Amino acid sequence: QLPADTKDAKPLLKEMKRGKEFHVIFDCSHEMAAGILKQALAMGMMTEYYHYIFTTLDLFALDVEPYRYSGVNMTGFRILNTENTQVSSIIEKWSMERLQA
Amino acid sequence: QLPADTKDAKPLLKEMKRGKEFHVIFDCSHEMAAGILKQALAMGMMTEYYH
């Protein structure tokens, strides 16, 4: 279990690394995925050995960049149908009004 | 040999990782050490393996 605070992530990952858990499933609002991935990097773990999975349906929303050359796979799950033209159009339109926040 | 700027450095680290060169000596004014180590990190080239 992830402890209460996000930045307490350290021991848990540390135990996982010591125990040599070479697969992981997550389950949490991607907002938690950000914290857990930053730890998973700074703890020197993003290596093509480990191979995460996410059930949070918003991985597409992360910043995949600083991790992408490392060679981990995070198979995930997305439903918002980016494939269709009109869907993407409406995404963009809503985006042009989304950024007022 | 490291290239002119830092961006050329990544193709090199790629070779080091591919051939599995598990040790290194560097040489640079540390100002180069910083960028080369950052690349060393984001390349998945910074673990308990290498030294």
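Residues numbered from 1 in each chain as written, not as in the entry; some residues may be left out. Chains lettered and ligands numbered in written order. Part of a larger assembly, values for the part shown. Heavy atoms only, no water.

cryo-EM is the method the PDB entry lists for this structure, together with a resolution of 6.4 Å.

Structural notes on the side chain of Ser70(A)
Along the chain, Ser70(A) turns up in the loop between β1 (51-53) and β2 (73-75). Take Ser70(A): its relative accessible area is 5%, and that puts it in the buried class. A polar contact is formed between the side chain of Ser70(A) and the backbone oxygen of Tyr67(A), at a distance of 2.5 Å. Among all residues touching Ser70(A), those that are not within four sequence positions of it are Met46(A), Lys17(B), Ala42(B), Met43(B) and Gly44(B). (Helix = DSSP H or I, 4+ residues; strand = E, 2+ residues; numbered from the N terminus. Buried < 20%, exposed > 50% of the residue type's maximum accessible area, 1.4 Å probe, protein only. Polar contact = N/O pair within 3.5 Å; in protein donor to acceptor, adjacent residues only side chain to side chain. Contact = heavy atoms within 4.5 Å.)

Structural notes on the interface of chain A and chain B
Chain A puts eight residues into the contact, and the matching count from chain B is eight residues. For the pairing of chain A and chain B, the buried interface totals around 660 Å² over both sides, and the portion due to carbon and sulfur atoms is 56%. Between the two partners, chain A and chain B, sit one residue pair in polar contact. Taken together, the residues of the side of chain A that touches chain B sort by class into four nonpolar, three polar and one charged. (Buried area = accessible area lost by both parts, 1.4 Å probe. Nonpolar A, V, L, I, M, F, W, Y, C, P; charged D, E, K, R; others polar.)

A word on a nonpolar patch on the surface
Nonpolar side chains collect at one region of the surface, where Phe22(A), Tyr49(A), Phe22(B) and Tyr49(B) lie side by side and expose about 390 Å² of accessible area between them. Tracing the sequence through the fold places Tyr49(B) in the segment after α2 (30-42). The class for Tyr49(B) is partly exposed, based on a relative accessible area of 46%. (Patch = residues over 30% accessible without salt bridge, like charges linked within 9 Å, V, L, I, M, F, W, Y side chains within 5 Å. Areas by Shrake-Rupley, 256 points an atom, 1.4 Å probe, with all protein chains shown as cover. Salt bridge = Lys/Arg side-chain N within 4 Å of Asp/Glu carboxyl O.)

Structural notes on the nonpolar core
The biggest cluster of nonpolar side chains holds 19 residues, and the ones touching the most others in it are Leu37(A), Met45(A), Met46(A), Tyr52(A) and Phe54(A). Listing elements by their share of this core, those giving two or more residues are α1 (9-19) and α2 (30-42) of chain A. When neighbours within four sequence positions are excluded, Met46(A) is seen to be in contact with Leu37(A), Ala40(A), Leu41(A), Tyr52(A), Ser70(A), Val72(A) and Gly44(B). Core analysis: the second largest hydrophobic core is formed by five residues, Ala9(B), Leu13(B), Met43(B) and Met45(B) among them. (Core = buried A, V, L, I, M, F, W, Y, C linked by side-chain atoms within 4.5 Å.)

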